[PDB]
Every structure is written in C-alpha cells, then in structure tokens.
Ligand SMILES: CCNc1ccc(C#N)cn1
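Presented as structure tokens, the chain that follows is alone, the form solved without this ligand.
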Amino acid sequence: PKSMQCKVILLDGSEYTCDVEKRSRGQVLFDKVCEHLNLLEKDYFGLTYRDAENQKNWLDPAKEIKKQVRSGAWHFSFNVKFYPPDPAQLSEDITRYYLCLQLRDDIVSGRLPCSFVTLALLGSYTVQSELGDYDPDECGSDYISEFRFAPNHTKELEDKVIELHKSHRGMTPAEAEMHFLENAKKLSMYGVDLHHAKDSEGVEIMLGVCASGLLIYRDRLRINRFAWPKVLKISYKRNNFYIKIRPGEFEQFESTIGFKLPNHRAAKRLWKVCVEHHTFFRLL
C-alpha cells in the first residue's frame, strides 16, 4: 500500500509531517492534523495548498488529494475556513486558541486591517495569554516584543501594547484569548475572503465572502451587501461568476449580477467558497 509524505504548516508556523495512502481523500489527512492538534471542533477549519501561480485552494476533504494537488508538492497549510461570528459560542478553549493564531496571521499579513489602538489591544491580549502578567524586568523603555502584532511595527505600537498589557494583571490565557476574539470579531474585514473581479462594465471590484453574505466593494462610497437569504442561486461559466438576487416583495423577477474573474479557475474557486459559506452559515 503506497503512501505519500504530507507536510502541513501549522498556525504556530511549525511543520507537521505524516504519510497517507496515495489515493487518500483530503479528510484522511485533515483527521490526522486535527488529532495532532487535539482539535474536536473541526468544522471551522480546513487545509489549503498553493498551485503554480501561488494561489490558495481549499483541499476538498471528499476528493482524492492527488486529483487536487495534481502536479504540485503534497505541501499544505492548516487554516480557519469558516470564521465563527460569535467565538464565545464555540465549546472549547483550544478552538478559540487556533482561531486566535489564524487572526494574528490575518493581522500581520494585512488581510485584516486594524486601527492603531485595536492592533495594540489585540497584541496586549496575545502577550497576556503567552507571557502572563506584565513584568518590568523583561521590558525596559526600549523593549520590542518577539511577537509580530502588525503589518508595520513602530516603537509607538510596542509602547501601547505594554501599557495595555499592564492593565490585564491576573487574566488567564483562555480569558485573554476570549477578549482578543471579542475585539477581532467586530473588525469590518473579520472572516471576509476577498476575490478580485470586474463588474459587467469592466470596472475593477472586490467580492467578499463571509458568514452574513456576499459583499461587492466598488468604491469607499459604494459597498453592496447581499445577505445569504437574498441570494437565490450562484453559478460560474467560463471566466464569469453570476448571482441571482431575490425579487423584493411584489416584484415579478429576480435580478442577475455578473462578474468577470481573471480566469476560469478563479471563477470556479469563488463559486465553491460561496456555496460552502452559504451551506455552513445557513446551518449555523
């Protein structure tokens, strides 16, 4: 029985290596990673892999690994797939912990934009969770944390992290992680998967996929939002992605909004992430 070596980048930046039978479905490798992580609330998470153009793709747990990675290396990342709108509802602290690690990467990467004060407040909870109570002995007036807090670090941000860290004395890691999530969950780009697209007139937009629905970012004055209930049907054809928007009460016909994606694969990817969010958040 021939087995392939899999390498998984974990959310703490460490590598997990295992073997699966070469005809294995994605669920087989995912179950192994989740057992390694002691993760029970697995529904929020998945494995990603990068293709030739270094684009992210979700490993479909129902399909053969080999038919997805195809010509590529069996190299994956462990990631949050469905960001819970209310992380307090999750049953386990260890679930909230992995969600925190994902969000820390969302912030440092700049996928999740954040004000100065929110960067410092999130960083202060991470430090409280990881080092415990503030200790002056470690930090002088010139202190810079090993922790990455932001896409661009400044001495002013490092100082503000410490000032807020002083206020969290006696906070346990679980408690600091819950405060982290209560702040992060309110950010306008929390849990938003962004896709480059063009509208029916060729104007560059972004489409955002999240728990609540689909967002169309046209300009800073113009953001269209379609709550999942308002979306009757999703489709792709060639490089195009279409959504069928319910008629208002007393209207005869649904409206259709079409978008141009860069290529056929980018249209299919957007379609599948929309279908998965629609199913998940319809049941949650």
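Counting begins at 1, following the sequence as shown.
The same protein also exists as the form solved in complex with this ligand; that form is not shown, yet it is the one meant from here on.
Handout entry: Close approach of residue 158 to this ligand in the deposited complex, 4.5 Å, heavy atom
Key = Residue 158: no, not in contact with this ligand in the deposited complex.
Practice task
State yes or no: in the deposited complex, is some non-hydrogen atom of residue 145 no more than 4.5 angstroms from a non-hydrogen atom of this ligand?
Solution key: Because no heavy atom of residue 145 falls inside 4.5 Å of this ligand in the deposited complex, the answer is no.
Exercise for the section: Look up in the deposited complex whether residue 238 has a non-hydrogen atom within 4.5 angstroms of this ligand, and give yes or no. Expected result: Flag for residue 238 set to no.
Exercise for the section: Find out whether any non-hydrogen atom of residue 165 is located within 4.5 angstroms of this ligand in the deposited complex, and reply yes or no. Expected result: Because no heavy atom of residue 165 falls inside 4.5 Å of this ligand in the deposited complex, the answer is no.
Practice task
Would you mind checking 252-281 for residues with a heavy atom within 4.5 Å of this ligand in the deposited complex?
Solution key: Contacts from 252-281: 269, 273.
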